[PDB]
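Chemist:
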Amino acid sequence: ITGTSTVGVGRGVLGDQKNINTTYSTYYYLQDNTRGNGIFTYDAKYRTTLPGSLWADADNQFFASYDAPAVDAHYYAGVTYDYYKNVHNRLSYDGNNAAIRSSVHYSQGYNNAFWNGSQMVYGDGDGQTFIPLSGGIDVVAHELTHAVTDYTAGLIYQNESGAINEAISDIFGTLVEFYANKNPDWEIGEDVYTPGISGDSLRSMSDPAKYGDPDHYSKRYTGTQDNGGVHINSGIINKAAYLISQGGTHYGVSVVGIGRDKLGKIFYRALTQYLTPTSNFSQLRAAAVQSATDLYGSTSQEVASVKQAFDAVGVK
Ligand SMILES: CC[C@H](C)CNC(=O)[C@H](CC(C)C)NP(=O)(O)CNC(=O)OCc1ccccc1
Ligand SMILES: [Ca+2]
Ligand SMILES: [Ca+2]
Ligand SMILES: [Ca+2]
Ligand SMILES: [Ca+2]
Ligand SMILES: [Zn+2]
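For the sequence shown, position 207 matches number 207 in the entry's author numbering, and the numbering has no gaps at all.
Shown next as structure tokens:
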């Protein structure tokens, strides 16, 4: 909407206060004009029609319980935008400052979040498996990263390409979490998963097997559930990424860590220059090796570490 840029204040899902960029025209709207062609957050009002209505508020204060998922979807979309722009020189998900749209309060008791081809969508959870999912910065960045993937590599959402698609979202979700630097970790969704259970998470990148996800190609799922295991086999690539960054010895194979920033550069380049819609795990290894070669040189530690990590997870 046309209006003037304003700064509201509110509380997120976890009870933390933050400032949010809004737009004033009669109401204060969750419309951040400070980034690209805007970040827009919508109320789906417990229904499944999308996007719903652009979030309107009378006083620019967002401290109601109902406001919390909107505050976080809006704010964490901003952090994710900043990560891609500042770290990778990428302007929004399409590289041309496309407007970023999110809807919260999607459906009832909805234990998921997704990119629907055009926008991000967040359930509130059922209060048992999840609380409102936009409360996780890794979750928000995971969703926006699906848009990035769809505009770039275009990895088909099934089987190996789909597991790469998933891992890319977990990797960048995690790198954005580290970028914001509030309780960062290599776990996925810990801030919004299972409020009655401390210390767990939806997935682990550092040890995928702790939740039954494979950490080696020989343990990959080959059935038809979950689009051929896209949220399961992602563990193999998540583990490789974790090893590239942090190092470790895994099934007897030692990997020298090169740090998060270099992991991000290598995978961003692979995603945007080398991967295609049908890339499999072996082709991802080749893409990562070539990306590291471009960035650091064929004889570099970075290239050697990429090879070690994929060796460790059984991907040749
Ligand atoms: C394995 C269970 C979990 C909840 C699956 N969902 C997830 O891992 C994450 C959310 C996490 C980060 C909290 N959501 P996601 O974006 O991967 C859900 N994906 C999914 O809905 O795709 C299916 C889809 C939807 C719309 C258009 C085309 C395809
Ligand atoms: Ca208000
Ligand atoms: Ca965390
Ligand atoms: Ca996390
Ligand atoms: Ca929990
Ligand atoms: Zn996903």
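All C-beta atoms in this analysis are idealised placements derived from N, C-alpha and C, irrespective of residue type, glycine included.
Can you say whether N86 is buried or exposed, counting buried as having 16 or more other CB atoms within 10 angstroms of its CB?
Modeler: To locate residue 86, count along the sequence shown from 1; it is residue 86. That one is exposed.
Chemist: Starting from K45, trace the alpha helix (DSSP H) in both directions and tell me its first and last residue.
Modeler: For this step, residue 45 is matched to residue 45 along the sequence shown. Following the DSSP letters along the chain, one finds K45 in no alpha helix (DSSP H), marked with neither H nor E.
Chemist: For ligand 5, which residues count as neighbours when the test is a C-beta closer than 5 Å to any heavy atom?
Modeler: Here the list is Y193, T194, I197 and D200.
Chemist: What first and last residue would you give for the beta strand (DSSP E) that runs through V253?
Modeler: Counting from 1 along the sequence shown, the entry for residue 253 is found at position 253. Segment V253 to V255, the beta strand (DSSP E) holding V253.
Chemist: Can you name, in chain order, every residue of its own chain whose Cβ lies under 7 Å from the Cβ of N60, other than the five neighbours on each side?
Modeler: Sequence index remark: in the sequence shown, residue 60 carries index 60 (1-based). Closer than 7 Å at Cβ, skipping near neighbours: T6, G8, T22 and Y28.
Chemist: Considering Cα atoms alone, identify which of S103, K262 and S279 is closest to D294.
Modeler: Working through the sequence shown from its first residue, we reach residue 294 at position 294. Nearest C-alpha to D294: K262.
Chemist: Mind pulling the alpha helix (DSSP H) runs of 4 or more residues that sit fully within the region 250–301?
Modeler: For the region 250–301, whole alpha helix (DSSP H) runs of length 4 or above, ordered along the chain, are 260–269 and 281–296.
Chemist: Can you give me the start and stop residues for the beta strand (DSSP E) that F178 sits inside?
Modeler: Taking the sequence shown and counting its residues from 1, one reaches residue 178 at position 178. First-last for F178: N159 to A180, but that is the alpha helix (DSSP H), not the beta strand (DSSP E).
Chemist: Flag this pair as yes or no: are the beta carbons of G127 and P195 separated by less than 9 Å?
Modeler: Position 127 of the sequence shown, counted from the start, is the residue given in the question as residue 127. Position 195 of the sequence shown, counted from the start, is the residue given in the question as residue 195. Yes. Within cutoff.
Chemist: Flag this pair as yes or no: are the beta carbons of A56 and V104 separated by less than 9 Å?
Modeler: Working through the sequence shown from its first residue, we reach residue 56 at position 56. Working through the sequence shown from its first residue, we reach residue 104 at position 104. Result no, Cβ atoms of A56 and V104 do not sit closer than 9 Å.
Chemist: One question on the structure: do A241 and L144 come within less than 9 Å of each other, judged by their Cβ atoms?
Modeler: To locate residue 241, count along the sequence shown from 1; it is residue 241. To locate residue 144, count along the sequence shown from 1; it is residue 144. No; because the gap between Cβ atoms is not below 9 Å, this pair is not in contact.
Chemist: Using the beta-carbon count (16 or more within 10 Å), is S204 buried or exposed?
Modeler: As a first step, residue 204 must be located in the sequence shown, where it is residue number 204. By the neighbour-count rule (16 or more Cβ atoms within 10 Å), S204 is buried.
Chemist: In chain order, what are the residue ranges of uninterrupted beta strand (DSSP E) at least 3 long that sit wholly in the region 101–158?
Modeler: 113–115 and 120–123
Chemist: For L202, which three-state DSSP category applies?
Modeler: By one-based count along the sequence shown, residue 202 stands at place 202. Here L202 sits in coil by DSSP.
Chemist: Starting from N238 and walking both ways along the alpha helix (DSSP H), at which residues does that stretch end?
Modeler: By one-based count along the sequence shown, residue 238 stands at place 238. Counting along the chain, the alpha helix (DSSP H) containing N238 begins and ends at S234 to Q246.
Chemist: Figure out for me which residue from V139, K45 and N97 has the closest Cα to the Cα of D32.
Modeler: The sequence position of residue 32 within the sequence shown is 32, counting from 1. If we check each option's Cα against that of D32, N97 comes out closest.
Chemist: Take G248 and list the residues in its own chain whose beta-carbon comes closer than 7 Å to its own, dropping the five residues that flank it on each side.
Modeler: Numbered from 1 along the sequence shown, position 248 holds the residue referred to as residue 248. So the qualifying residues of the chain are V255.
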